[PDB]
Amino acid sequence: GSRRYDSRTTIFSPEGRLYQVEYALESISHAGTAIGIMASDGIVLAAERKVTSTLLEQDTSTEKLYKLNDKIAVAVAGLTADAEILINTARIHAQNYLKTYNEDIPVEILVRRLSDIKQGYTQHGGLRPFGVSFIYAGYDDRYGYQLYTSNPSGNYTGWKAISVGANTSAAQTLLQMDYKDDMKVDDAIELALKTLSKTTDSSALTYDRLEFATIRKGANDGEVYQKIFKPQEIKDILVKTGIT
Amino acid sequence: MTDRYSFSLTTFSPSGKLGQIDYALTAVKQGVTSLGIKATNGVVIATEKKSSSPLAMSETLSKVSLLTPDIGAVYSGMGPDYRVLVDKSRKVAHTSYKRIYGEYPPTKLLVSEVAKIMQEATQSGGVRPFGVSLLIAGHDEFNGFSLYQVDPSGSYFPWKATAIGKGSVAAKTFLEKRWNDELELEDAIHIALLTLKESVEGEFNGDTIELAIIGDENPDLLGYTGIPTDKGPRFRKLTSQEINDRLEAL
Amino acid sequence: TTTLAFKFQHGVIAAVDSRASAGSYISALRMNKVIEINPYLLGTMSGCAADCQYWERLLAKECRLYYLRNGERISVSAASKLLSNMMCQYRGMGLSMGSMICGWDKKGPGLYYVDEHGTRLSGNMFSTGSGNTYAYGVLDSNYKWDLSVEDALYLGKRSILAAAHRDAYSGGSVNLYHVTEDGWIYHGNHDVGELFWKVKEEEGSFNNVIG
Amino acid sequence: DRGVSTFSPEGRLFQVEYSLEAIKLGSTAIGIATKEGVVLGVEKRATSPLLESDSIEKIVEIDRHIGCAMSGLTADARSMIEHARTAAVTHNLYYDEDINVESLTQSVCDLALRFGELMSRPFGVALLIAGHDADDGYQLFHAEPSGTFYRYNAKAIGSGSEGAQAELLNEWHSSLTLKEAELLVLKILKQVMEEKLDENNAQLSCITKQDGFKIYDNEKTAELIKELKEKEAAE
Amino acid sequence: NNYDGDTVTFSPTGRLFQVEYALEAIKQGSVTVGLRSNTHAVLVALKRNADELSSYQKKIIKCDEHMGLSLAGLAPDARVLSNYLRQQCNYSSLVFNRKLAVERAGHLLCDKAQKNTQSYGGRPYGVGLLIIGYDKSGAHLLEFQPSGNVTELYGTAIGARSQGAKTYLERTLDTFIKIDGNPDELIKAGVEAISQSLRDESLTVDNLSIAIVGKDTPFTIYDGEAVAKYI
Amino acid sequence: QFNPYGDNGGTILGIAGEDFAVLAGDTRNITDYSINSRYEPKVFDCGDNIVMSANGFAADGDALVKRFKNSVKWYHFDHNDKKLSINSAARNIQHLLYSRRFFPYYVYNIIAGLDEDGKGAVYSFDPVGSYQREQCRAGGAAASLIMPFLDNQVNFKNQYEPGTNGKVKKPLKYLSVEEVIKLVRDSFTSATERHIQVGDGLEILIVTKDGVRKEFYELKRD
Amino acid sequence: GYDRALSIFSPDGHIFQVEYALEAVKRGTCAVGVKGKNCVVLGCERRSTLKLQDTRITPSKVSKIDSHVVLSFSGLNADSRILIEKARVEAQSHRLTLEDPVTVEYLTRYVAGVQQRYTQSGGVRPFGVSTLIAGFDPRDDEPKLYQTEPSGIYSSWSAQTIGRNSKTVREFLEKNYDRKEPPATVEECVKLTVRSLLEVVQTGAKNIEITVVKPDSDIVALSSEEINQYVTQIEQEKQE
Amino acid sequence: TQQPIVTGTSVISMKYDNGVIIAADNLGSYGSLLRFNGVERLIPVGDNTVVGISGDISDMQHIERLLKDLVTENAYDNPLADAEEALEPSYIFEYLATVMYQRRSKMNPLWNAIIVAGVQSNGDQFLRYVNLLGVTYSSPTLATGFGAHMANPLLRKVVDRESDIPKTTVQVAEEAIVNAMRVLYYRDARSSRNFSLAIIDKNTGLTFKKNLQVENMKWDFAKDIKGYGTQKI
Ligand SMILES: [Mg+2]
């Protein structure tokens with residue numbers, strides 16, 4: 001019958017690894033690098049679009065940075081289509097929480113929920129896992145500014161600074177070298193772009209090959225603002241930091 | 001009976017490749033060339049009507065399809081997969097949008113819905129991916145004119161101009177040289193016809209070429225008068241005669 | 001019907017009448033209105049005898065399965081709850097049940113009132129049935145915690161008699177039970193007809209009745 | 001791969017035959033039936049000295065008149081015990097009486113072959129079900145994952161089973177006392193066990209008509225072990 | 001070989017190996033004999049023990065007052081099939097106030113077994129059954145194979161070494177069919193038949209199992225000292 | 001509107017002796033003011049030395065009896081032909097009845113037999129499952145006419161010993177099967193006179209250690 | 001639905017999927033449990049391959065199931081969340097239906113049952129997780145420590161360790177832990193738990209987590225500095 | 001739950017020494033309207049059973065089809081379908097009785113009163129009643145509806161108890177049945193003159209008589225009846 005053709009996506013290897021999760025991670029390692037850096041007065045999200053074209057409509061394009069709600073955003077590394085399925089689910093979860101408790105969803109609770117969905121695909125159902133790694137950048141009144149990452153295994157962890165996608169080994173070393181705890185957003189912006197500029201597989205880092213975002217309390221008084229950078233604004237910050 | 005294939009047929013290989021998606025993209029590569037060019041006041045989509053037999057009436061086979069009054073689609077790859085996607089795309093535009101908001105969806109969101117369907121065929125149990133790449137051109141009030149490509153993976157990208165299928169690599173290079181941000185719709189149609197001639201071997205005329213535009217509202221194609229706000233569809237399929245007229249000024 | 005139960009120094013007393021009626025016709029002179037769930041648990045009966053018997057025997061199943069799994073006797077609090085939770089499933093469907101769950105556990109003697117409503121109340125004294133008002137009067141005026149087992153047994157016995165006399169739908173006989181930490185002890189079936197005359201003489205009560 | 005409910009060319013179910021191999025790796029459990037009661041004894045086999053051995057529960061009460069010992073993948077036994085306890089109590093609810101030991105055993109064995117593509121595989125544990133009823137007296141059954149159950153006068157299951165069964169072949173007779181059976185289980189357990197038998201790494205139990213099913217205290221078993229040592233040194 | 005992985009697969013010569021392997025389980029099973037006259041039908045079964053401490057596995061199951069069977073192969077499968085027969089016999093009585101014809105009982109068993117041979121996931125039954133019964137058309141004996149094949153016979157045997165008993169019945173055909181109104185002589189012929197399948201072991205008191213049904217005889221099983229008469 | 005229930009009349013009576021038991025009931029079946037049958041048996045031998053009668057709505061009574069007889073059959077299959085004790089049968093019937101708590105068998109049921117000590121036993125049920133063991137119980141149409149009589153002549157209620165003037169009760173001496181049958185016949189003869197649904201015939205089943213025996217007696221046909 | 005039997009017996013009588021789940025536990029960070037006379041301590045390894053971590057928000061290794069019971073683990077992190085959630089739901093379900101909080105043994109039995117169920121249900125794989133469940137029963141001052149594993153077996157331990165290099169720390173505990181006289185105080189119990197992890201951990205900095213659970217719902221997690229003082233005192237005695 | 005629309009009145013029957021007789025008129029009433037005059041309400045099943053049905057006709061036609069299907073189904077894989085394993089009256093009745101009680105237990109009855117009359121394999125007479133409630137009973141005489149009130153009294157004068165059955169001949173039984181049908185025609189407002197009668201004898205088998213009429217009626221005395229009390233003319 002059908003058994004013959006079953007790849008069995010949810011099984012352990014003899015070494016105790018999940019084949020499909022490991023191969024999904026291999027897929028993600030070829031995706032454009034995404035970086036998150038948490039500062040005392042905000043969070044930075046920086047990501048590299050993959051080998052683009054001159055005819056690509058960049059200002060209406062979105063492949064890396066997505067808004068989950070007004071307080072929480074994600075950077076994507078892997079299959080974009082897979083990511084959008086999960087993103088829409090996360091958006092709904094945030095609204096369910098807001099409807100139920102009349103308060104914005106705490107960042108971790110949203111992260112845990114999505115990470116649990118990923119986990120389920122590795123344990124039951126016989127389907128392939130989502131080939132996606134997320135960097136979550138968010139704010140709530142309990143823990144303030146937070147960075148998380150999740151991968152196809154459904155495991156998530158918190159970070160001060162982190163990278164996903166290609167060249168994470170090189171990227172993480174560079175971040176670990178120059179990161180400090182008393183760092184500010186404007187400094188973090190510079191670190192993120194410098195790290196991408198050194199780890200990129202492209203010849204040079206330009207505005208058309210980047211997506212950029214910040215989450216700041218640089219919103220008028222006690223509140224938080226999300227800023228998805230426009231192509232011209234990415235071009236300006238590249239000049240400001242002295243990369244182009 | 002029962003569909004006992006409740007497991008994924010697309011899976012990650014050791015190298016991180018999703019084989020069935022790659023192979024679907026290979027099927028798209030073998031497909032006949034189709035293209036799309038965005039102008040300042042319109043969008044054009046075009047393809048070759050590769051007739052399987054001269055006894056076949058190629059007018060009855062529509063490669064360029066209306067999805068909504070302001071959105072049109074064309075493809076490269078497997079025709080039957082495209083046909084059913086058009087049926088689903090037309091319906092989802094109503095069920096998940098028009099019946100809720102009382103208006104047709106914007107291009108990007110209809111594309112998103114089509115993309116979702118294609119993504120699900122890449123992960124759901126007991127199905128292969130769709131063997132097509134779609135080029136969807138459209139217009140809506142707040143986003144203006146737009147052109148999107150949708151691949152078998154479900155990934156979609158907005159383009160100023162692009163080509164897919166047989167001679168896409170050569171066609172995209174041709175479009176890069178000719179495209180600018182000041183093109184009028186007639187200029188885009190002219191460039192479309194030029195680009196498309198390179199990939200066509202045999203007859204090149206209005207009967208062997210299928211071409212449509214997203215442009216100005218067509219009140220003559222609305223079918224009724226009396227409501228000022230209803231001004232007619234922006235999608236229009238060019239006739240065999242209309243194509244031949246522009247082939248003399250080629 | 002008349003049932004009561006109360007907690008005191010040396011455990012809990014449980015007393016009930018024995019009558020059953022079909023309108024004015026007395027269908028049963030001797031009906032057991034106490035359920036021997038297990039050697040340490042008792043259940044009274046009020047309303048549909050079918051529903052009382054069925055669900056309390058089903059409770060016994062659950063209490064026994066509890067002991068087998070946990071290797072420890074179930075508490076009166078837990079037992080009473082299991083029962084109330086069964087009622088809450090058929091909430092609105094038309095069950096009729098009013099039972100006191102009597103027992104002795106770690107926290108000492110225990111008494112819980114449970115009804116078809118799902119309600120579950122803890123307390124030192126309860127009485128249910130068409131004749132509960134008569135029983136409460138005798139209880140309230142004579143109840144102490146400092147009661148001896150002998151006096152307590154008589155009190156519950158006398159309180160049923162009070163109801164049996166006045167209430168038309170209560171009578172027949174009195175069944176007594178005493179619950180200790182070593183289990184429950186049955187203190188017999190007492191014909192009301194014989195008990196009435198006996199009490200009237202010894203106690204001097206019921207002067208208005210000619211004997 | 002291949003079906004879970006597949007027959008071999010010899011006419012045996014592969015999965016059932018393989019589960020029997022898992023039971024061979026389990027710790028030894030021995031049962032001896034007498035006219036004064038049935039004795040159940042097990043090897044605890046703690047994997048480390050820090051493991052509190054009294055938490056090893058390989059002998060279990062099903063009802064007051066039925067006990068049970070296990071060998072193999074002991075985690076699989078929990079749902080079987082739960083079903084057995086439910087069946088025993090449910091029958092008491094429906095019929096106001098104790099359930100027959102055979103009927104209880106048959107109810108457990110009905111679960112066995114409910115596997116396929118129901119549970120995904122057979123149970124990897126064998127059970128020695130011992131009990132007493134008024135109709136057939138003291139009984140000992142061996143419940144397998146095949147769905148088959150044999151009644152036994154004495155039976156050993158687990159890693160030292162064939163050696164123990166040969167020993168039970170010689171030692172059992174129809175006039176054994178309860179005390180004789182107790183010492184006999186201890187003797188054969190001590191023989192097949194890797195580590196030296198004591199009250200902490202071995203457990204005894206019995207079922208009698210009067211007192212029902214009882215697991216023995218470590219103090220009670222320790223005395224029976226000391227009684228065993230002296231009687232073996234007596235000749 | 002490559003076609004025995006499941007029941008849903010024909011071999012190149014048109015064989016169903018999983019069914020054939022299920023048939024093999026019957027051959028491993030202990031011998032049982034069936035035979036009938038015009039007034040009675042008899043089952044005789046050689047029970048098998050695990051060892052000397054163990055009991056002898058029961059082989060005969062009662063289905064109704066007028067019907068029952070003996071098994072050879074997987075005992076749990078016999079319990080499933082016999083339970084189904086019990087229900088069907090019972091459905092006929094409760095709904096139609098009618099005792100279930102033995103021939104119809106055979107048709108029902110055939111169809112139940114057949115479904116397990118044509119579908120994926122399941123397995124064939126690993127047991128053979130000899131059904132005896134007395135209905136409105138007299139005494140009957142059926143042989144059930146888990147392939148689905150059910151056959152009405154005067155006599156037969158299934159299990160290990162069953163060929164010896166089957167040859168004996170084939171010789172004795174003209175004699176035992178005429179044993180009318182004599183239950184003891186019909187059982188004797190069955191005990192003599194099953195004796196042709198014995199090697200090394202002989203028929204003891206807790207080894208032998210006998211059942212009988214007839215004109216004025218409900219289906220009754222004889223075990224223990226009740227069969228010492230026939231040893 | 002469809003009324004799924006009906007009343008087929010009839011009256012039944014069970015008495016427990018010291019080493020025997022009787023279950024009697026009239027053989028008349030009726031609807032409203034019409035007679036359906038003058039002889040339609042209502043008390044049955046269910047096997048295992050148990051007799052049963054489901055009085056009230058005949059269709060539900062026939063269904064319950066049919067089910068119980070089936071429960072006996074399967075008890076034998078499942079538990080190695082073990083005999084079903086009267087107390088076990090009683091508890092089983094409770095569960096048969098309560099399975100329709102929300103669409104009951106409109107019948108008042110009685111069973112009779114011997115307990116496991118050989119003594120006489122009678123169990124009485126209500127439509128929804130509650131049950132209890134008794135010495136004497138009349139059920140059905142003329143139950144209210146018969147039960148007071150039995151309280152008086154079987155349990156000697158309100159009867160005292162001459163000379164004492166209410167100080168000493170009449171001692172509860174056991175009754176013989178012949179004595180019981182007289183009380184049964186006189187019960188039904190009296191009921192037949194004053195109850196229109198009672199008449200035609202009386203069938204009694206007597207249960208002893210030797211087995212089940214039947215006795216039939218004519219009743220007035222008006 | 002997907003019904004495929006993933007956990008099945010092999011010719012030698014092994015369920016490889018269950019055994020491969022144990023290999024996932026072997027890969028997981030080391031967890032240790034030590035019960036004193038009036039407390040239980042749960043120690044957990046944190047691999048220092050991950051720095052730049054935000055320790056405020058990163059899922060802690062020890063999780064409260066109820067106010068009086070905790071659960072630590074070794075193996076797949078994502079898998080452990082499912083067991084923890086189920087355990088927490090069951091804990092509230094028990095309080096709601098029985099009016100007593102769960103015993104530590106009951107909670108262990110439930111979690112172990114869930115793990116077992118996933119070894120013979122169709123379409124699912126076993127949990128790649130072993131757990132240490134510790135606490136005190138309601139109105140009881142006797143310490144409780146249990147261990148579960150993917151197969152679904154569970155048992156009580158005076159002291160136990162699971163995860164990578166657990167063989168080494170178990171070796172240490174077996175020679176250092178005396179049953180006749182367990183760590184009489186909180187100090188001694190924590191000291192022995194830290195000492196045991198120092199056999200395996202590497203640096204005694206942020207790699208060691210300690211959580212002390214005392215009777216009557218008294219649960220606290222030690223900070224870096226508090227643990228660092230134990231690390232300091234241990235090695236200064238060792239220099240001799 | 002429904003209400004009957006097109007209805008059939010009384011069905012009457014009785015046992016005699018060698019068999020049973022059953023009869024029923026050929027009318028299908030629509031309330032007070034005598035709508036259909038050619039309705040057969042006696043339905044033979046084989047050569048040993050006749051099922052007489054009163055009540056809702058649409059439900060009768062449904063039952064008629066169940067019986068026809070029952071005969072077909074019994075013949076399946078049955079070499080003795082026309083012999084030892086042929087349908088008996090008791091089988092047919094119990095089947096119907098099962099259906100009727102099940103339908104009432106779903107609160108969707110077959111609005112009928114049925115009498116199954118026939119002769120068993122051993123020659124015994126079979127006569128039993130069943131209705132929409134699933135109620136069953138047997139008696140030497142059986143009748144439905146009005147027949148229960150008017151026919152039974154007359155038929156019971158012939159066979160008052162079981163011992164009268166052997167004393168009753170087919171000629172006497174048929175005569176009593178035919179008289180009863182006349183009485184019902186006089187007194188039942190929902191009856192017709194035309195009827196069918198069936199005899200199932202253990203020797204002569206099934207005799208089915210159609211197109212019978214009520215005859216020998218008394219009406220002449222009506223001419224003398226004038227007014228409602230005091231009128232003379
Ligand atoms: Mg009368």
# chains A, B, ... in the order shown; residues from 1 in each chain; ligands from 1
$ interface_residues --of "chain A" --to "chain B" --cutoff "12 Å" --atoms "only C-alpha atoms" --output "MDAnalysis selection string"
chainID A and resid 1:10 18:31 49:50 52:63 78:86 88 121 124:132 152
$ interface_residues --of "chain H" --to "chain F" --cutoff "10 Å" --atoms "only C-alpha atoms" --output "PyMOL selection string"
chain H and resi 1-3+97-98+101+103-109+111+129-144+148-149+152+160-162
$ residues_near_ligand --ligand "ligand 1" --cutoff "12 Å" --atoms "only C-alpha atoms and all ligand atoms" --output "number ranges by chain"
F: 9-11, 26-30, 33, 35, 38, 141-142, 188-201, 219-222
$ interface_residues --of "chain D" --to "chain A" --cutoff "9 Å" --atoms "only C-alpha atoms" --output "count of residues only"
3
$ select_by_dssp --residues "region 1-73 of chain B" --states "strand (DSSP E or B)" --output "PyMOL selection string"
chain B and resi 8+12+18+34-38+43-48+65-68+71-73
$ select_by_dssp --residues "region 58-142 of chain B" --states "helix (DSSP H, G or I)" --output "PyMOL selection string"
chain B and resi 79-101+107-123
$ interface_residues --of "chain E" --to "chain A" --cutoff "10 Å" --atoms "only C-alpha atoms" --output "list in words"
residues 6, 8, 9, 119, 120 and 121 of chain E
$ write_last_selection --atoms "N, CA, C and O atoms" --output "mmCIF file, in the first residue's frame"
data_model
loop_
_atom_site.group_PDB
_atom_site.id
_atom_site.type_symbol
_atom_site.label_atom_id
_atom_site.label_comp_id
_atom_site.auth_asym_id
_atom_site.auth_seq_id
_atom_site.Cartn_x
_atom_site.Cartn_y
_atom_site.Cartn_z
ATOM 1 N N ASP E 6 2.451 -8.403 2.521
ATOM 2 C CA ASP E 6 1.096 -8.087 2.972
ATOM 3 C C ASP E 6 0.045 -8.890 2.200
ATOM 4 O O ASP E 6 0.345 -9.514 1.177
ATOM 5 N N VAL E 8 -2.559 -7.846 0.586
ATOM 6 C CA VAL E 8 -3.124 -7.146 -0.561
ATOM 7 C C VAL E 8 -2.356 -7.406 -1.873
ATOM 8 O O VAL E 8 -2.683 -6.820 -2.904
ATOM 9 N N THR E 9 -1.356 -8.288 -1.843
ATOM 10 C CA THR E 9 -0.466 -8.504 -2.992
ATOM 11 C C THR E 9 -0.510 -9.936 -3.543
ATOM 12 O O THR E 9 -0.124 -10.893 -2.863
ATOM 13 N N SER E 119 -7.950 -6.376 1.934
ATOM 14 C CA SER E 119 -7.727 -5.011 2.406
ATOM 15 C C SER E 119 -6.338 -4.830 3.005
ATOM 16 O O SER E 119 -5.747 -5.765 3.547
ATOM 17 N N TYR E 120 -5.836 -3.603 2.903
ATOM 18 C CA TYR E 120 -4.523 -3.242 3.420
ATOM 19 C C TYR E 120 -4.600 -2.958 4.918
ATOM 20 O O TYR E 120 -5.622 -2.478 5.410
ATOM 21 N N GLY E 121 -3.520 -3.268 5.633
ATOM 22 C CA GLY E 121 -3.426 -3.001 7.071
ATOM 23 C C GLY E 121 -3.759 -4.214 7.919
ATOM 24 O O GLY E 121 -3.076 -4.502 8.904
#
$ residues_around --residues "region 69-76 of chain H" --least-positions-apart "4" --cutoff "10 Å" --atoms "only C-alpha atoms" --output "count of residues only"
14
$ atom_distance --atom1 "CA of residue 155 (chain F)" --atom2 "CA of residue 173 (chain C)"
15.0 Å
$ interface_residues --of "chain G" --to "chain E" --cutoff "12 Å" --atoms "only C-alpha atoms" --output "NGL selection string"
:G and (3-5)
$ residues_around --residues "residue 72 (chain G)" --least-positions-apart "5" --cutoff "12 Å" --atoms "only C-alpha atoms" --output "JSON, numbers by chain"
{"G": [28, 29, 30, 31, 32, 33, 41, 42, 43, 44, 45, 59, 60, 61, 62, 63, 64, 65, 77, 80, 81, 83, 84, 108, 129, 130, 131, 132, 133, 134, 135, 145, 146, 147, 148, 160, 161, 162, 163, 209, 210, 211]}
$ residues_around --residues "residue 135 (chain F)" --least-positions-apart "2" --cutoff "12 Å" --atoms "only C-alpha atoms" --output "VMD selection string"
(chain C and resid 28 to 30) or (chain F and resid 13 to 18 20 to 23 110 to 114 119 to 124 132 to 133 137 to 138 147 150 to 151 154 to 155 174 to 175 180)
$ write_last_selection --atoms "N, CA and C atoms" --output "tab-separated table (two decimals), in the first residue's frame"
chain	number	residue	atom	x	y	z
C	28	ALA	N	-43.63	1.26	49.70
C	28	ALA	CA	-42.64	0.52	50.47
C	28	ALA	C	-42.62	0.96	51.92
C	29	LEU	N	-42.66	-0.03	52.81
C	29	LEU	CA	-42.57	0.20	54.25
C	29	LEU	C	-41.14	0.11	54.69
C	30	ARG	N	-40.34	-0.60	53.90
C	30	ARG	CA	-38.96	-0.83	54.25
C	30	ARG	C	-38.05	-0.71	53.05
F	13	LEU	N	-47.42	-10.86	41.51
F	13	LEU	CA	-47.21	-11.06	42.93
F	13	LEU	C	-46.10	-12.07	43.20
F	14	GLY	N	-45.11	-11.65	43.98
F	14	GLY	CA	-43.99	-12.50	44.35
F	14	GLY	C	-43.89	-12.66	45.85
F	15	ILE	N	-43.78	-13.90	46.30
F	15	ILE	CA	-43.61	-14.18	47.72
F	15	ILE	C	-42.44	-15.12	47.94
F	16	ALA	N	-41.65	-14.81	48.96
F	16	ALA	CA	-40.47	-15.59	49.31
F	16	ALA	C	-40.74	-16.45	50.53
F	17	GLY	N	-40.60	-17.76	50.35
F	17	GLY	CA	-40.73	-18.71	51.45
F	17	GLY	C	-39.39	-18.93	52.13
F	18	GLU	N	-39.33	-19.94	52.98
F	18	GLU	CA	-38.11	-20.26	53.71
F	18	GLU	C	-37.12	-21.00	52.82
F	20	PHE	N	-38.27	-21.76	49.32
F	20	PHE	CA	-38.94	-21.71	48.02
F	20	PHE	C	-39.35	-20.28	47.73
F	21	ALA	N	-39.93	-20.07	46.55
F	21	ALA	CA	-40.43	-18.76	46.16
F	21	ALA	C	-41.44	-18.90	45.05
F	22	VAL	N	-42.40	-17.98	45.03
F	22	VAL	CA	-43.43	-17.99	44.02
F	22	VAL	C	-43.48	-16.65	43.32
F	23	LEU	N	-43.83	-16.70	42.04
F	23	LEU	CA	-44.08	-15.51	41.27
F	23	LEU	C	-45.34	-15.77	40.47
F	110	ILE	N	-40.27	-7.87	38.75
F	110	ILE	CA	-40.00	-8.71	39.90
F	110	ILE	C	-39.33	-9.98	39.41
F	111	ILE	N	-38.35	-10.44	40.18
F	111	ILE	CA	-37.76	-11.75	39.95
F	111	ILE	C	-37.79	-12.54	41.23
F	112	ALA	N	-37.80	-13.86	41.09
F	112	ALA	CA	-37.83	-14.73	42.25
F	112	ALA	C	-36.94	-15.93	42.01
F	113	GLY	N	-36.42	-16.47	43.10
F	113	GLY	CA	-35.58	-17.64	43.03
F	113	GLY	C	-35.07	-17.98	44.41
F	114	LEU	N	-33.88	-18.57	44.45
F	114	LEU	CA	-33.24	-18.93	45.71
F	114	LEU	C	-31.89	-18.27	45.79
F	119	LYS	N	-32.18	-20.26	50.56
F	119	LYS	CA	-33.40	-19.62	51.05
F	119	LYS	C	-34.16	-18.91	49.94
F	120	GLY	N	-35.45	-18.70	50.16
F	120	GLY	CA	-36.30	-18.05	49.17
F	120	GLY	C	-35.96	-16.58	49.01
F	121	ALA	N	-36.06	-16.08	47.78
F	121	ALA	CA	-35.69	-14.71	47.49
F	121	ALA	C	-36.62	-14.07	46.46
F	122	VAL	N	-36.94	-12.81	46.69
F	122	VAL	CA	-37.71	-12.01	45.76
F	122	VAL	C	-37.07	-10.63	45.66
F	123	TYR	N	-36.86	-10.16	44.44
F	123	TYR	CA	-36.33	-8.83	44.22
F	123	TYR	C	-37.32	-8.00	43.44
F	124	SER	N	-37.48	-6.76	43.86
F	124	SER	CA	-38.45	-5.85	43.26
F	124	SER	C	-37.73	-4.66	42.66
F	132	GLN	N	-34.47	-3.80	45.43
F	132	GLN	CA	-34.25	-4.24	46.78
F	132	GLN	C	-34.91	-5.58	46.97
F	133	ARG	N	-34.37	-6.35	47.90
F	133	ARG	CA	-34.85	-7.66	48.20
F	133	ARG	C	-36.02	-7.55	49.16
F	137	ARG	N	-44.16	-8.98	47.69
F	137	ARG	CA	-44.38	-7.81	46.85
F	137	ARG	C	-45.38	-8.06	45.73
F	138	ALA	N	-46.43	-7.26	45.72
F	138	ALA	CA	-47.40	-7.25	44.63
F	138	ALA	C	-47.12	-6.05	43.75
F	147	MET	N	-51.39	-5.70	48.54
F	147	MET	CA	-50.30	-5.53	49.52
F	147	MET	C	-50.73	-5.36	50.98
F	150	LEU	N	-51.47	-8.80	52.31
F	150	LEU	CA	-50.24	-9.55	52.55
F	150	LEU	C	-49.51	-9.06	53.79
F	151	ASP	N	-49.53	-7.76	54.04
F	151	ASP	CA	-48.96	-7.22	55.28
F	151	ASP	C	-49.63	-7.88	56.48
F	154	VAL	N	-49.32	-12.29	55.94
F	154	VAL	CA	-47.98	-12.86	55.77
F	154	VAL	C	-47.05	-12.40	56.88
F	155	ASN	N	-47.05	-11.10	57.16
F	155	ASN	CA	-46.19	-10.53	58.19
F	155	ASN	C	-46.95	-10.27	59.49
F	174	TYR	N	-43.12	-19.12	59.90
F	174	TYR	CA	-42.91	-19.34	58.47
F	174	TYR	C	-44.10	-20.01	57.81
F	175	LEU	N	-44.29	-19.73	56.53
F	175	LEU	CA	-45.40	-20.30	55.77
F	175	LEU	C	-44.93	-21.37	54.81
F	180	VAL	N	-48.91	-20.44	51.16
F	180	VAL	CA	-48.63	-19.27	50.33
F	180	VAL	C	-49.53	-19.25	49.10
$ interface_residues --of "chain A" --to "chain G" --cutoff "9 Å" --atoms "only C-alpha atoms" --output "PyMOL selection string"
chain A and resi 3+8+10-17+108+115-116+118-120+122-126+143+146-148+153-162+172+175-176+179
$ interface_residues --of "chain D" --to "chain C" --cutoff "10 Å" --atoms "only C-alpha atoms" --output "PyMOL selection string"
chain D and resi 60-64+81-82+85-86+88-90+92-93
$ residues_around --residues "residue 128 (chain D)" --least-positions-apart "6" --cutoff "6 Å" --atoms "only C-alpha atoms" --output "compact mmCIF listing (two decimals) with N, CA, C and O atoms, in the first residue's frame"
# COMPACT_ATOMS: atom_id res chain seq x y z
N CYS D 68 -0.75 -9.96 40.71
CA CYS D 68 -0.10 -10.02 39.41
C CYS D 68 1.38 -9.64 39.49
O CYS D 68 1.75 -8.65 40.12
N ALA D 69 2.22 -10.45 38.83
CA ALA D 69 3.65 -10.17 38.71
C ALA D 69 4.01 -10.01 37.24
O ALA D 69 3.37 -10.62 36.37
N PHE D 141 -2.03 -18.04 36.29
CA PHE D 141 -2.06 -17.95 34.83
C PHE D 141 -0.83 -17.22 34.32
O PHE D 141 -0.24 -16.41 35.03
N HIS D 142 -0.44 -17.55 33.09
CA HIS D 142 0.64 -16.86 32.39
C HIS D 142 0.06 -16.18 31.16
O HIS D 142 -0.30 -16.84 30.19
